[PDB]
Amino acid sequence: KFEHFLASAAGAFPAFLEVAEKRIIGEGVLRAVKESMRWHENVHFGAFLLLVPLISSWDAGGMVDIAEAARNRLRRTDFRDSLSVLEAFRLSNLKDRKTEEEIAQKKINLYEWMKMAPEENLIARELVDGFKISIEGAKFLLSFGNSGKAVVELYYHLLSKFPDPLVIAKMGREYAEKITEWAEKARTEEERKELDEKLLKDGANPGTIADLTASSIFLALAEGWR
């Protein structure tokens, strides 16, 4: 499932080059979303919301430098970035209208908005605390070696550690918590397919975990993953 993910994010490469040039967070997420959706239904909105701020700081240095500069750029965003991000979300998928109007009115930038998200929201928490999960994921990969194997090991690691907010919202808190327990016991390749197939038959896709795996890859790449 790495393939699908790699192609679809790669449809957004022109948007990413634009972000590296203009450093425009909101617009960036929105362009990325519109772009990699030109011709497809997986999207991965969260991957873009995670990656665009890191890409906007592509030249800050290594992986700790990027994350810090991305947090700093996030704090200097304005309410229009929030509005773009919100529009990107709706396209990914008068309540939106009322939210948009309060974002506007109170001038709630993307950082401040993210500080008001619930604790289960992993991407929000990355946007606010300097990308701590992505960095930990990057360090995991780096201790491994440049391989697809490492990326898989990363994925199951994140799967056993963080209940997926998308799963929480679809299947409920207890089913999300249960994934972490099944993940930590899915060690062989066979055990892992079982799980994948259970998640599928159930309609439970841990999108955020894959999102975080991607942002971790990005940091590990910038750090030097040899």
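Residue numbers here begin at 1 and follow the sequence given.
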Worksheet, complete the sentence: Between residue 93 and residue 94, the number of deposited residues left without coordinates comes to 10 or more
Worksheet item: According to the PDB entry, how many deposited residues between residue 161 and residue 162 are absent from the model (none, 1 to 3, 4 to 9, 10 or more)?
Response: none
Item to complete: May I ask you to compare 138-146 and 94-102 by their mean CA B factor in the entry and name the higher one?
Response: 94-102
Item to complete: Using the B-factors recorded in the PDB entry, average over the C-alpha atoms of 4-12 and of 215-223, then report which stretch comes out higher.
Response: 4-12
Worksheet, complete the sentence: One of 43, 29, 60, 167 has the largest Cα B-factor in the entry, namely 43
Discussion item. Ranking every modelled residue in this chain by its Cα temperature factor as given in the entry, which third contains residue 174?
Written reply: middle
Worksheet item: Hey, what third does residue 155 fall into on Cα B-factor, ranked over its chain?
Response: middle
Worksheet item: Split the chain's modelled residues into thirds by Cα B-factor; is residue 66 in the lowest, middle or highest one?
Response: lowest
Fill in: Ranked C-alpha temperature factor of residue 209 among modelled chain residues, by third
lowest
